[PDB]
file coords25.cif (mmCIF, C-alpha atoms)
data_structure
loop_
_atom_site.group_PDB
_atom_site.id
_atom_site.type_symbol
_atom_site.label_atom_id
_atom_site.label_comp_id
_atom_site.auth_asym_id
_atom_site.auth_seq_id
_atom_site.Cartn_x
_atom_site.Cartn_y
_atom_site.Cartn_z
ATOM 1 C CA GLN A 1 -6.847 -37.770 25.888
ATOM 2 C CA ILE A 2 -4.545 -34.764 25.616
ATOM 3 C CA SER A 3 -4.005 -35.316 21.893
ATOM 4 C CA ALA A 4 -7.756 -35.458 21.267
ATOM 5 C CA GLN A 5 -8.357 -32.343 23.356
ATOM 6 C CA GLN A 6 -5.670 -30.449 21.450
ATOM 7 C CA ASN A 7 -7.097 -31.529 18.095
ATOM 8 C CA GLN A 8 -10.628 -30.451 18.941
ATOM 9 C CA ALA A 9 -9.432 -27.132 20.371
ATOM 10 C CA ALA A 10 -7.663 -26.422 17.081
ATOM 11 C CA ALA A 11 -10.778 -27.377 15.125
ATOM 12 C CA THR A 12 -12.901 -25.072 17.279
ATOM 13 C CA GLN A 13 -10.536 -22.181 16.607
ATOM 14 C CA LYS A 14 -10.696 -22.816 12.859
ATOM 15 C CA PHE A 15 -14.496 -22.878 12.951
ATOM 16 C CA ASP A 16 -14.618 -19.641 14.946
ATOM 17 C CA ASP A 17 -12.344 -17.897 12.442
ATOM 18 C CA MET A 18 -14.453 -19.052 9.496
ATOM 19 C CA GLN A 19 -17.641 -17.839 11.167
ATOM 20 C CA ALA A 20 -15.991 -14.500 11.933
ATOM 21 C CA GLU A 21 -15.087 -14.027 8.267
ATOM 22 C CA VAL A 22 -18.637 -14.872 7.216
ATOM 23 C CA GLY A 23 -19.998 -12.306 9.655
ATOM 24 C CA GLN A 24 -17.471 -9.660 8.615
ATOM 25 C CA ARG A 25 -18.160 -9.963 4.866
ATOM 26 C CA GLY A 26 -20.203 -6.738 5.052
ATOM 27 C CA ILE A 27 -17.585 -4.320 6.353
ATOM 28 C CA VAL A 28 -15.151 -5.483 3.674
ATOM 29 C CA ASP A 29 -17.870 -4.766 1.124
ATOM 30 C CA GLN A 30 -18.353 -1.235 2.411
ATOM 31 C CA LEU A 31 -14.601 -0.617 2.370
ATOM 32 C CA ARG A 32 -14.316 -1.866 -1.208
ATOM 33 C CA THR A 33 -17.121 0.456 -2.288
ATOM 34 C CA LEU A 34 -15.571 3.427 -0.491
ATOM 35 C CA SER A 35 -11.993 2.928 -1.686
ATOM 36 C CA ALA A 36 -12.890 2.950 -5.397
ATOM 37 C CA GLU A 37 -14.196 6.537 -5.198
ATOM 38 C CA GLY A 38 -10.834 8.001 -4.176
ATOM 39 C CA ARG A 39 -11.828 8.500 -0.540
ATOM 40 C CA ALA A 40 -8.794 7.113 1.285
ATOM 41 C CA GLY A 41 -9.153 8.867 4.644
ATOM 42 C CA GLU A 42 -12.465 7.181 5.421
ATOM 43 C CA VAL A 43 -11.003 3.691 4.886
ATOM 44 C CA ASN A 44 -7.970 4.088 7.133
ATOM 45 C CA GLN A 45 -10.316 5.287 9.895
ATOM 46 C CA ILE A 46 -12.782 2.395 9.692
ATOM 47 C CA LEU A 47 -9.803 0.026 9.565
ATOM 48 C CA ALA A 48 -8.661 1.462 12.919
ATOM 49 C CA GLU A 49 -11.794 1.157 15.104
ATOM 50 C CA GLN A 50 -13.733 -1.710 13.495
ATOM 51 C CA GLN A 51 -10.513 -3.693 13.302
ATOM 52 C CA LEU A 52 -9.721 -7.274 14.327
ATOM 53 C CA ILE A 53 -10.971 -8.140 10.856
ATOM 54 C CA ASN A 54 -9.912 -11.721 10.299
ATOM 55 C CA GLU A 55 -7.542 -10.980 7.400
ATOM 56 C CA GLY A 56 -5.278 -7.965 7.790
ATOM 57 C CA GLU A 57 -4.129 -8.355 4.188
ATOM 58 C CA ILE A 58 -7.060 -6.410 2.710
ATOM 59 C CA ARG A 59 -5.007 -3.313 3.518
ATOM 60 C CA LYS A 60 -2.542 -4.190 0.768
ATOM 61 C CA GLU A 61 -5.312 -4.638 -1.807
ATOM 62 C CA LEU A 62 -6.913 -1.284 -0.999
ATOM 63 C CA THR A 63 -3.536 0.464 -1.053
ATOM 64 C CA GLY A 64 -2.873 -1.075 -4.454
ATOM 65 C CA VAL A 65 -6.205 0.260 -5.683
ATOM 66 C CA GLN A 66 -5.459 3.821 -4.601
ATOM 67 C CA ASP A 67 -1.946 3.618 -6.053
ATOM 68 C CA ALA A 68 -3.418 2.494 -9.369
ATOM 69 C CA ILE A 69 -5.753 5.497 -9.349
ATOM 70 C CA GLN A 70 -2.887 7.911 -8.718
ATOM 71 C CA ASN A 71 -0.737 6.274 -11.393
ATOM 72 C CA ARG A 72 -3.545 6.575 -13.939
ATOM 73 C CA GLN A 73 -3.923 10.280 -13.199
ATOM 74 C CA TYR A 74 -0.186 10.879 -13.548
ATOM 75 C CA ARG A 75 -0.051 9.003 -16.854
ATOM 76 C CA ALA A 76 -2.861 11.136 -18.261
ATOM 77 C CA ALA A 77 -1.060 14.315 -17.207
ATOM 78 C CA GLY A 78 2.161 13.103 -18.805
ATOM 79 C CA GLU A 79 0.479 12.417 -22.133
ATOM 80 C CA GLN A 80 -1.155 15.849 -22.054
ATOM 81 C CA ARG A 81 2.264 17.443 -21.557
ATOM 82 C CA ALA A 82 3.878 15.374 -24.311
ATOM 83 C CA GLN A 83 1.424 16.354 -27.038
ATOM 84 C CA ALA A 84 1.856 20.067 -26.315
ATOM 85 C CA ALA A 85 5.629 19.649 -26.406
ATOM 86 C CA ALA A 86 5.303 18.047 -29.838
ATOM 87 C CA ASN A 87 3.193 20.947 -31.116
ATOM 88 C CA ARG A 88 5.774 23.464 -29.905
ATOM 89 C CA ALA A 89 8.554 21.518 -31.610
ATOM 90 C CA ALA A 90 6.638 21.488 -34.896
ATOM 91 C CA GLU A 91 6.073 25.249 -34.838
ATOM 92 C CA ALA A 92 9.706 26.014 -34.041
ATOM 93 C CA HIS A 93 10.935 23.729 -36.809
ATOM 94 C CA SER A 94 8.655 25.337 -39.390
ATOM 95 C CA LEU A 95 9.980 28.799 -38.564
ATOM 96 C CA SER A 96 13.588 27.590 -38.631
ATOM 97 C CA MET A 97 13.114 25.945 -42.026
ATOM 98 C CA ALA A 98 11.650 29.116 -43.515
ATOM 99 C CA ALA A 99 14.559 31.195 -42.227
ATOM 100 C CA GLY A 100 17.175 28.732 -43.453
ATOM 101 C CA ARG A 101 15.648 28.546 -46.917
ATOM 102 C CA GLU A 102 15.659 32.331 -47.219
ATOM 103 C CA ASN A 103 19.291 32.507 -46.104
ATOM 104 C CA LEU A 104 20.338 29.866 -48.628
ATOM 105 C CA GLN B 1 7.630 -45.847 22.706
ATOM 106 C CA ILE B 2 10.415 -43.561 21.491
ATOM 107 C CA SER B 3 8.590 -42.834 18.245
ATOM 108 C CA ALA B 4 5.292 -42.199 20.028
ATOM 109 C CA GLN B 5 6.834 -39.796 22.529
ATOM 110 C CA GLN B 6 8.662 -37.916 19.779
ATOM 111 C CA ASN B 7 5.448 -37.490 17.796
ATOM 112 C CA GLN B 8 3.593 -36.347 20.906
ATOM 113 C CA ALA B 9 6.258 -33.750 21.707
ATOM 114 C CA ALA B 10 6.097 -32.401 18.157
ATOM 115 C CA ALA B 11 2.306 -32.151 18.316
ATOM 116 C CA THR B 12 2.473 -30.344 21.654
ATOM 117 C CA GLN B 13 4.922 -27.822 20.221
ATOM 118 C CA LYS B 14 2.641 -27.175 17.250
ATOM 119 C CA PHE B 15 -0.335 -26.658 19.562
ATOM 120 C CA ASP B 16 1.612 -24.240 21.756
ATOM 121 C CA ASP B 17 2.712 -22.218 18.730
ATOM 122 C CA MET B 18 -0.849 -22.013 17.409
ATOM 123 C CA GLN B 19 -2.153 -20.858 20.784
ATOM 124 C CA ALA B 20 0.582 -18.234 21.082
ATOM 125 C CA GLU B 21 -0.282 -16.934 17.614
ATOM 126 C CA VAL B 22 -3.952 -16.706 18.568
ATOM 127 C CA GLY B 23 -3.126 -14.807 21.747
ATOM 128 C CA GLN B 24 -0.962 -12.193 20.011
ATOM 129 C CA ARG B 25 -3.434 -10.801 17.464
ATOM 130 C CA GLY B 26 -4.074 -7.645 19.492
ATOM 131 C CA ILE B 27 -0.451 -6.546 19.363
ATOM 132 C CA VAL B 28 -0.273 -7.144 15.616
ATOM 133 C CA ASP B 29 -3.448 -5.109 15.158
ATOM 134 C CA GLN B 30 -2.047 -2.191 17.133
ATOM 135 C CA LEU B 31 1.170 -2.401 15.118
ATOM 136 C CA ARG B 32 -0.762 -2.265 11.851
ATOM 137 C CA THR B 33 -2.714 0.766 13.050
ATOM 138 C CA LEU B 34 0.452 2.560 14.145
ATOM 139 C CA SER B 35 2.375 1.775 10.961
ATOM 140 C CA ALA B 36 -0.468 2.895 8.689
ATOM 141 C CA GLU B 37 -0.225 6.427 10.145
ATOM 142 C CA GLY B 38 3.444 6.972 9.276
ATOM 143 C CA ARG B 39 4.768 6.506 12.811
ATOM 144 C CA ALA B 40 7.706 4.156 12.218
ATOM 145 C CA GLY B 41 9.580 4.819 15.461
ATOM 146 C CA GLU B 42 7.078 3.374 17.904
ATOM 147 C CA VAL B 43 6.647 0.213 15.826
ATOM 148 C CA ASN B 44 10.333 -0.628 16.251
ATOM 149 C CA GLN B 45 10.272 0.144 19.968
ATOM 150 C CA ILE B 46 7.292 -2.148 20.503
ATOM 151 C CA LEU B 47 8.928 -4.835 18.358
ATOM 152 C CA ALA B 48 12.047 -4.551 20.544
ATOM 153 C CA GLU B 49 10.499 -5.196 23.974
ATOM 154 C CA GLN B 50 7.859 -7.748 22.978
ATOM 155 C CA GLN B 51 10.255 -9.117 20.356
ATOM 156 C CA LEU B 52 9.245 -12.790 20.380
ATOM 157 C CA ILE B 53 6.059 -12.804 18.289
ATOM 158 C CA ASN B 54 5.452 -16.216 16.786
ATOM 159 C CA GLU B 55 6.218 -14.903 13.272
ATOM 160 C CA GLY B 56 9.117 -12.541 12.644
ATOM 161 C CA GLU B 57 8.007 -11.842 9.073
ATOM 162 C CA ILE B 58 5.568 -9.095 10.069
ATOM 163 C CA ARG B 59 8.582 -6.782 9.960
ATOM 164 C CA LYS B 60 8.760 -7.270 6.195
ATOM 165 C CA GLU B 61 5.127 -6.224 5.750
ATOM 166 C CA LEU B 62 5.493 -3.150 7.954
ATOM 167 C CA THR B 63 8.668 -2.058 6.166
ATOM 168 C CA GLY B 64 6.835 -2.499 2.877
ATOM 169 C CA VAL B 65 4.088 -0.181 4.102
ATOM 170 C CA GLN B 66 6.628 2.443 5.160
ATOM 171 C CA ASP B 67 8.415 2.238 1.808
ATOM 172 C CA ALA B 68 5.088 2.642 0.021
ATOM 173 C CA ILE B 69 4.377 5.838 1.964
ATOM 174 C CA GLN B 70 7.772 7.306 1.115
ATOM 175 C CA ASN B 71 7.470 6.340 -2.552
ATOM 176 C CA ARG B 72 4.053 7.982 -2.829
ATOM 177 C CA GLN B 73 5.376 11.231 -1.391
ATOM 178 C CA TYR B 74 8.371 11.239 -3.735
ATOM 179 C CA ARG B 75 6.228 10.541 -6.799
ATOM 180 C CA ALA B 76 3.937 13.445 -5.930
ATOM 181 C CA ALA B 77 6.924 15.776 -5.591
ATOM 182 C CA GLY B 78 8.311 14.610 -8.927
ATOM 183 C CA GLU B 79 5.002 15.224 -10.674
ATOM 184 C CA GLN B 80 4.890 18.764 -9.308
ATOM 185 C CA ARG B 81 8.442 19.402 -10.519
ATOM 186 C CA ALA B 82 7.643 18.132 -14.013
ATOM 187 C CA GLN B 83 4.584 20.378 -14.216
ATOM 188 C CA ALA B 84 6.641 23.425 -13.256
ATOM 189 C CA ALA B 85 9.291 22.551 -15.843
ATOM 190 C CA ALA B 86 6.685 22.327 -18.601
ATOM 191 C CA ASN B 87 5.238 25.686 -17.567
ATOM 192 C CA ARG B 88 8.692 27.256 -17.873
ATOM 193 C CA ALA B 89 9.344 25.655 -21.255
ATOM 194 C CA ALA B 90 6.119 27.033 -22.725
ATOM 195 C CA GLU B 91 7.039 30.637 -21.910
ATOM 196 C CA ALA B 92 10.598 30.210 -23.154
ATOM 197 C CA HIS B 93 9.373 28.831 -26.475
ATOM 198 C CA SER B 94 6.816 31.605 -26.943
ATOM 199 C CA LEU B 95 9.399 34.339 -26.424
ATOM 200 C CA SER B 96 11.935 32.647 -28.700
ATOM 201 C CA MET B 97 9.356 32.243 -31.464
ATOM 202 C CA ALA B 98 8.368 35.908 -31.277
ATOM 203 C CA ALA B 99 11.989 37.047 -31.469
ATOM 204 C CA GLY B 100 12.765 34.754 -34.390
ATOM 205 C CA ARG B 101 9.723 35.911 -36.336
ATOM 206 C CA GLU B 102 10.669 39.557 -35.864
ATOM 207 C CA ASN B 103 14.236 38.858 -36.991
ATOM 208 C CA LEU B 104 13.028 37.049 -40.108
#
call {"tool": "encode", "arguments": {"input": "coords25.cif", "output": "structure tokens"}}
result
Amino acid sequence: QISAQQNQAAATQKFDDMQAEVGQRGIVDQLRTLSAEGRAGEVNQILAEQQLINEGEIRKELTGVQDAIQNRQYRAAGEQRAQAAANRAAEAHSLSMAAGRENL
Amino acid sequence: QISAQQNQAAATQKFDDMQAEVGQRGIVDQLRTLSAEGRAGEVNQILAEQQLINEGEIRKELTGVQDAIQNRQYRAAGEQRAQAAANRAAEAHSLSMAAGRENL
């Protein structure tokens, strides 16, 4: 009797969790839409009041998304700096070559 | 009889652990909320008094979050420093080029 009662209690908990995920599928959708536009302050505030979401691992996925955005921006800035540095190097070398040729 | 009682004891322990996990979700939620805001001193204090949560691997996740925050701040500072360095280099090169051209 006790073994059967334990088994069915566990099954009931599993079913409740599954139903909770199914019902929560909308908030996760809204958070996914919001976090891909850069807005990161309006995702950490909905994940603090409308919490008890079944899986608390979505946080890591959204953080990864925002980190990817920041990394992309930094990479673009770095490339922009590099090309200008190359142009400056080319100009300086041309002047130096002219001067050296005249001296020789 | 010995085998049956051993199996029953193991099953009872599993059931008790599952129930304890179910009952502790509120504390884990509060910890996630606190640790997502940078406060890393209260998380440890809570995890010192109530220390006995059914899974002691939450600490790894929370430390990962804290490390992510610190890394983001450091990367932003580094980007700012690189931008300032490039701005300095541009002016230095312009002045040097002007002087060299006049000398030639």
call {"tool": "resolve_selection", "arguments": {"input": "coords25.cif", "expression": "the PyMOL selection byres ((chain B) within 7 of (chain A))", "output": "PyMOL selection string"}}
result
chain B and resi 15+29+33+97+104
call {"tool": "closest_residue", "arguments": {"input": "coords25.cif", "among": "A:42, A:37, A:16, A:55", "to": "residue 69 (chain A)", "atoms": "all atoms listed in the file"}}
result
A:37
call {"tool": "atom_distance", "arguments": {"input": "coords25.cif", "atom1": "CA of residue 43 (chain A)", "atom2": "CA of residue 62 (chain A)"}}
result
8.7 Å
call {"tool": "atom_distance", "arguments": {"input": "coords25.cif", "atom1": "CA of residue 31 (chain B)", "atom2": "CA of residue 66 (chain B)"}}
result
12.3 Å
call {"tool": "atom_distance", "arguments": {"input": "coords25.cif", "atom1": "CA of residue 41 (chain A)", "atom2": "CA of residue 30 (chain B)"}}
result
18.1 Å
call {"tool": "build_atoms", "arguments": {"input": "coords25.cif", "residues": "region 11-43 of chain A", "atoms": "N, CA and C atoms", "output": "PDB file, in the frame of the given file"}}
result
ATOM      1  N   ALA A  11      -9.629 -27.402  16.023  1.00  0.00           N
ATOM      2  CA  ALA A  11     -10.778 -27.377  15.125  1.00  0.00           C
ATOM      3  C   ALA A  11     -11.763 -26.286  15.525  1.00  0.00           C
ATOM      4  N   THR A  12     -11.994 -26.120  16.827  1.00  0.00           N
ATOM      5  CA  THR A  12     -12.901 -25.072  17.279  1.00  0.00           C
ATOM      6  C   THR A  12     -12.384 -23.698  16.886  1.00  0.00           C
ATOM      7  N   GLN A  13     -11.076 -23.474  17.015  1.00  0.00           N
ATOM      8  CA  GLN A  13     -10.536 -22.181  16.607  1.00  0.00           C
ATOM      9  C   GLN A  13     -10.729 -21.948  15.114  1.00  0.00           C
ATOM     10  N   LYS A  14     -10.482 -22.973  14.296  1.00  0.00           N
ATOM     11  CA  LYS A  14     -10.696 -22.816  12.859  1.00  0.00           C
ATOM     12  C   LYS A  14     -12.144 -22.455  12.557  1.00  0.00           C
ATOM     13  N   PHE A  15     -13.084 -23.143  13.202  1.00  0.00           N
ATOM     14  CA  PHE A  15     -14.496 -22.878  12.951  1.00  0.00           C
ATOM     15  C   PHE A  15     -14.865 -21.461  13.369  1.00  0.00           C
ATOM     16  N   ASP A  16     -14.343 -21.005  14.510  1.00  0.00           N
ATOM     17  CA  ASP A  16     -14.618 -19.641  14.946  1.00  0.00           C
ATOM     18  C   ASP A  16     -14.093 -18.625  13.942  1.00  0.00           C
ATOM     19  N   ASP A  17     -12.882 -18.837  13.423  1.00  0.00           N
ATOM     20  CA  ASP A  17     -12.344 -17.897  12.442  1.00  0.00           C
ATOM     21  C   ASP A  17     -13.196 -17.862  11.179  1.00  0.00           C
ATOM     22  N   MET A  18     -13.615 -19.030  10.690  1.00  0.00           N
ATOM     23  CA  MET A  18     -14.453 -19.052   9.496  1.00  0.00           C
ATOM     24  C   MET A  18     -15.754 -18.295   9.730  1.00  0.00           C
ATOM     25  N   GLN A  19     -16.390 -18.528  10.877  1.00  0.00           N
ATOM     26  CA  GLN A  19     -17.641 -17.839  11.167  1.00  0.00           C
ATOM     27  C   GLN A  19     -17.424 -16.336  11.272  1.00  0.00           C
ATOM     28  N   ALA A  20     -16.289 -15.923  11.837  1.00  0.00           N
ATOM     29  CA  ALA A  20     -15.991 -14.500  11.933  1.00  0.00           C
ATOM     30  C   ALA A  20     -15.856 -13.871  10.553  1.00  0.00           C
ATOM     31  N   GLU A  21     -15.176 -14.551   9.628  1.00  0.00           N
ATOM     32  CA  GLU A  21     -15.087 -14.027   8.267  1.00  0.00           C
ATOM     33  C   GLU A  21     -16.469 -13.890   7.643  1.00  0.00           C
ATOM     34  N   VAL A  22     -17.301 -14.919   7.802  1.00  0.00           N
ATOM     35  CA  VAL A  22     -18.637 -14.872   7.216  1.00  0.00           C
ATOM     36  C   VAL A  22     -19.406 -13.679   7.763  1.00  0.00           C
ATOM     37  N   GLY A  23     -19.298 -13.434   9.068  1.00  0.00           N
ATOM     38  CA  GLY A  23     -19.998 -12.306   9.655  1.00  0.00           C
ATOM     39  C   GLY A  23     -19.415 -10.961   9.286  1.00  0.00           C
ATOM     40  N   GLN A  24     -18.128 -10.914   8.954  1.00  0.00           N
ATOM     41  CA  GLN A  24     -17.471  -9.660   8.615  1.00  0.00           C
ATOM     42  C   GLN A  24     -17.547  -9.323   7.135  1.00  0.00           C
ATOM     43  N   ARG A  25     -18.071 -10.223   6.304  1.00  0.00           N
ATOM     44  CA  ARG A  25     -18.160  -9.963   4.866  1.00  0.00           C
ATOM     45  C   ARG A  25     -18.824  -8.642   4.477  1.00  0.00           C
ATOM     46  N   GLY A  26     -19.536  -7.986   5.389  1.00  0.00           N
ATOM     47  CA  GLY A  26     -20.203  -6.738   5.052  1.00  0.00           C
ATOM     48  C   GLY A  26     -19.315  -5.511   5.146  1.00  0.00           C
ATOM     49  N   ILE A  27     -18.492  -5.453   6.192  1.00  0.00           N
ATOM     50  CA  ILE A  27     -17.585  -4.320   6.353  1.00  0.00           C
ATOM     51  C   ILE A  27     -16.588  -4.277   5.207  1.00  0.00           C
ATOM     52  N   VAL A  28     -16.071  -5.438   4.806  1.00  0.00           N
ATOM     53  CA  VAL A  28     -15.151  -5.483   3.674  1.00  0.00           C
ATOM     54  C   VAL A  28     -15.835  -4.954   2.427  1.00  0.00           C
ATOM     55  N   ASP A  29     -17.113  -5.281   2.257  1.00  0.00           N
ATOM     56  CA  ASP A  29     -17.870  -4.766   1.124  1.00  0.00           C
ATOM     57  C   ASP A  29     -17.921  -3.247   1.148  1.00  0.00           C
ATOM     58  N   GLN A  30     -18.261  -2.685   2.305  1.00  0.00           N
ATOM     59  CA  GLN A  30     -18.353  -1.235   2.411  1.00  0.00           C
ATOM     60  C   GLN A  30     -17.007  -0.589   2.115  1.00  0.00           C
ATOM     61  N   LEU A  31     -15.923  -1.179   2.619  1.00  0.00           N
ATOM     62  CA  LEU A  31     -14.601  -0.617   2.370  1.00  0.00           C
ATOM     63  C   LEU A  31     -14.256  -0.669   0.891  1.00  0.00           C
ATOM     64  N   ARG A  32     -14.580  -1.776   0.222  1.00  0.00           N
ATOM     65  CA  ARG A  32     -14.316  -1.866  -1.208  1.00  0.00           C
ATOM     66  C   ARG A  32     -15.077  -0.791  -1.965  1.00  0.00           C
ATOM     67  N   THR A  33     -16.347  -0.583  -1.618  1.00  0.00           N
ATOM     68  CA  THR A  33     -17.121   0.456  -2.288  1.00  0.00           C
ATOM     69  C   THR A  33     -16.519   1.832  -2.044  1.00  0.00           C
ATOM     70  N   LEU A  34     -16.076   2.097  -0.814  1.00  0.00           N
ATOM     71  CA  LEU A  34     -15.571   3.427  -0.491  1.00  0.00           C
ATOM     72  C   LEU A  34     -14.222   3.700  -1.139  1.00  0.00           C
ATOM     73  N   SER A  35     -13.358   2.692  -1.238  1.00  0.00           N
ATOM     74  CA  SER A  35     -11.993   2.928  -1.686  1.00  0.00           C
ATOM     75  C   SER A  35     -11.875   3.102  -3.190  1.00  0.00           C
ATOM     76  N   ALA A  36     -12.915   2.783  -3.953  1.00  0.00           N
ATOM     77  CA  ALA A  36     -12.890   2.950  -5.397  1.00  0.00           C
ATOM     78  C   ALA A  36     -13.374   4.321  -5.836  1.00  0.00           C
ATOM     79  N   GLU A  37     -13.771   5.178  -4.898  1.00  0.00           N
ATOM     80  CA  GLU A  37     -14.196   6.537  -5.198  1.00  0.00           C
ATOM     81  C   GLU A  37     -13.125   7.561  -4.857  1.00  0.00           C
ATOM     82  N   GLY A  38     -11.913   7.118  -4.536  1.00  0.00           N
ATOM     83  CA  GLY A  38     -10.834   8.001  -4.176  1.00  0.00           C
ATOM     84  C   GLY A  38     -10.738   8.292  -2.693  1.00  0.00           C
ATOM     85  N   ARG A  39     -11.853   8.222  -1.968  1.00  0.00           N
ATOM     86  CA  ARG A  39     -11.828   8.500  -0.540  1.00  0.00           C
ATOM     87  C   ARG A  39     -10.929   7.501   0.168  1.00  0.00           C
ATOM     88  N   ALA A  40      -9.759   7.959   0.605  1.00  0.00           N
ATOM     89  CA  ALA A  40      -8.794   7.113   1.285  1.00  0.00           C
ATOM     90  C   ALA A  40      -8.667   7.420   2.768  1.00  0.00           C
ATOM     91  N   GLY A  41      -9.220   8.531   3.239  1.00  0.00           N
ATOM     92  CA  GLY A  41      -9.153   8.867   4.644  1.00  0.00           C
ATOM     93  C   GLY A  41     -10.268   8.234   5.445  1.00  0.00           C
ATOM     94  N   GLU A  42     -11.346   7.846   4.774  1.00  0.00           N
ATOM     95  CA  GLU A  42     -12.465   7.181   5.421  1.00  0.00           C
ATOM     96  C   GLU A  42     -12.359   5.667   5.363  1.00  0.00           C
ATOM     97  N   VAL A  43     -11.233   5.131   4.897  1.00  0.00           N
ATOM     98  CA  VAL A  43     -11.003   3.691   4.886  1.00  0.00           C
ATOM     99  C   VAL A  43      -9.955   3.377   5.940  1.00  0.00           C
TER     100      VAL A  43
END
